[PDB]
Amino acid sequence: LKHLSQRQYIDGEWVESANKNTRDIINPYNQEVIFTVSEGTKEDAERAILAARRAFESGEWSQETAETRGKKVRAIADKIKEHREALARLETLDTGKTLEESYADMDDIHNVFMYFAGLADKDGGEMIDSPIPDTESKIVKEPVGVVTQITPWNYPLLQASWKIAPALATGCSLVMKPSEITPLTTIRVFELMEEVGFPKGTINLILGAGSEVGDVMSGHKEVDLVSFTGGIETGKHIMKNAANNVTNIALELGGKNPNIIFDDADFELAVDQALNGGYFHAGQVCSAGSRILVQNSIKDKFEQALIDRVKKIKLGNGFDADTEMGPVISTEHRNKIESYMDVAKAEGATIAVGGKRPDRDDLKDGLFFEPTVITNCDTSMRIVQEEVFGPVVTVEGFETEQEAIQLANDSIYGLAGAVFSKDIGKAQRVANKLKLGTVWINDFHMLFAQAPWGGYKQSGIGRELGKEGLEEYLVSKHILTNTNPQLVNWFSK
């Protein structure tokens, strides 16, 4: 932290906020202030957007060869790997998740940049067989333009990489703003990108409250695409604001992801994966398997096994090797999780285990919340329908394959889910009917740069990762040339 920048990065320069305001960043493990950064203004955000537009129109990045753009994106990928240790530590300090989880993030981030580096020069568009004689028809794919990018606090650098990599690869200019409470890795990646070298204005980092600078990032006339990952309420607000300029939006908003366990699942595998689904990063994951659906014939056996394991989950400091689950991100977020416990009980569900702050001494100063299992609930309940985004799972039974599908689809969301069954034919039937962007068969949480990620229904609009993710950052232009032009002579001479 001694050498980490504390400033925004606008138009090739590290700069303070226009009003000199600052914000203290906290470690959720002990609620101690660990760093202080600039808290930018809406005029700073506007200046970044105007700089991105100017850089885009200069052509220095947008007209660079795709091959060269790919080489630069690859150079970022290499810096991530080179600084893997320090990045992982920063991420754990800022977000609370285990160091091992943070190492896995850094390995993935390297692969994300590498994937897009390699995709950069592989399209360009299509030649069309024109239906009009004596014409040439082609579709050229250009960078979409100036893009704003807003990320959440759970996986700051990972989510940032999903946006930055395709934007740079395609030739866009970008303005990024990480969550105000978790900016450290994002500042660091900007330092690394500056070392690679990009024309002035091509990349910009704004630091600040979503409520202060967010609307300018979603509502400015010079933006061609707003790409946001976070919660549903902010997402909807952002889309409404983007509508003022008919601006493209790419949204990923979390989910109510079903984890469907059939009676012919590998039982110990399913228990393992129900734990993974529920409690990695204290359930603060877009992909969290918060809604367990278990076949009735094994429901009691399953609940007992799960509960017994949940009691053994090891809570602690993300830097300690024995820690299995760290704290949740903030006081506000822990309070929200606590109020959901009251909701669940008032609706008549059972808090089978957990449901409170742990009492242990070394956990007292941190934002800890016990891994929790909620039983005796049904699809009509708020605790089942709503994304708690904490270390909490619900358990519902189902009788038949048809019922599992109906229940799993009975939410406003559609991001991801899993089916556990040794009968692969059955798992595939079920997968084909789930209205989800990603379905895992005998697995959980698996995602990678090669394949698109995103939501049906209220889980989002568009995709990130894969060729489809890159396509958000492109725009099609049909250039039609009449090679033997003739007068139409419709209007009198």
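Numbers for residues come from their place in the sequence shown, where the first is 1.
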Entry-level comparison of average CA B-factors, 220 to 228 and 308 to 316, reporting the higher stretch: 308 to 316
Given 166 to 174 and 323 to 331, the range whose Cα B-factors average higher in the PDB entry: 323 to 331
Of the residues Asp215, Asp108, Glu126, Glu85, the one carrying the largest Cα B-factor as recorded: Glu85
Options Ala120, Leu269, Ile351, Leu184 - largest CA temperature factor per the record: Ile351
Among modelled residues of the same chain, the CA temperature factor third for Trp14: highest
Within-chain third of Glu142 by Cα B-factor, per the entry: lowest
Assigned third (lowest, middle, highest) for the C-alpha B factor of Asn248: lowest
Entry-reported Cα temperature factor of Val285, expressed as the chain third it lands in: middle
Relative C-alpha B-factor of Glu67, binned into the chain's lowest, middle or highest third: lowest
